[PDB]
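Here is the structure we will look at, set down as structure tokens.
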Amino acid sequence: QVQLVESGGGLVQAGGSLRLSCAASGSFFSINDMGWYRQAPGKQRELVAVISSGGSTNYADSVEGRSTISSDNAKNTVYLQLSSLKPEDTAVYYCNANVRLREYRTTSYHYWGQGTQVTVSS
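Written as structure tokens, this is what we have:
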């Protein structure tokens, strides 16, 4: 089994900063990439930021310049740091991990967390 544990959500004030963390645990061989997506009601889910095993990253235009996604590979965990919060940042945030469960196979599984509400109030 593979389990994603998301932390850091809740009610926050506009203009502040937040940190979300996502930890992968269970039995697996390797994690190809991990990161965060978000979905607000009535809106499409969108990428926020993702980090690959080797350290390459990609950021949505919404957060480029005011965020950092980082990893601690030894503990299969990623962190999103986000400043300058605005009401438009309100959403359910979802951790995603793309994982190879077995050493001898290319095939990957895409795990999505339960999601954590972030509500930015003014």
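For the sequence shown, the positions run 50 to 171 when the working numbering is used. Where is the CB? At the ideal position from N, CA and C, for every residue including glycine.
Taking the beta carbon of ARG87 as the centre, do at least 16 other beta carbons fall within 10 Å, making it buried, or is it exposed?
Its Cβ being crowded by 16 or more others within 10 Å, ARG87 is buried.
Extent of the continuous beta strand (DSSP E) run through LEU60:
Taken as a continuous stretch (DSSP letters only), the beta strand (DSSP E) holding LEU60 covers 59-62.
Quick one: what's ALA98 bridged to in DSSP?
By DSSP's assignment, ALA98 forms a beta bridge with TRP85 and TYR108.
Run through DSSP, which three-state label would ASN145 get?
In the structure shown, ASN145 falls within a strand segment according to DSSP collapsed to helix, strand and coil.
Are there 16 or more other CB atoms within 10 angstroms of the CB of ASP110, so buried, or fewer, so exposed?
Burial call: exposed.
Short Cβ contact (8 Å threshold) for residue 7 with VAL169
The shown model of the chain, from 50 to 171, leaves out residue 7, and the question about it has no answer.
Once the 5 residues before and after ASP138 are set aside, which same chain residues still bring their CB inside 6 Å of it?
Taken in chain order, the residues that qualify are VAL169.
Residue range of the beta strand (DSSP E) that residue 29 falls in?
The first residue shown for the chain is 50 and the last is 171, placing residue 29 beyond what the model contains.
Separation of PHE78 from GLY84, as counted between CA atoms
Linking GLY84 to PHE78 through their CA atoms gives a straight-line distance of about 18 Å.
If you run the structure through DSSP and keep just helix, strand and coil, what is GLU55?
DSSP places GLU55 in strand when its eight states are reduced to three.
Between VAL167 and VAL54, which are expected to be in contact by the criterion C-beta below 8 Å, what is the C-beta distance as a whole number of angstroms?
Incorrect: roughly 16 Å between the Cβ atoms, too far for contact.
Would you report the Cα separation of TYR158 and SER56, rounded to the nearest angstrom?
In a straight line, the C-alpha of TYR158 is about 22 Å away from that of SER56.
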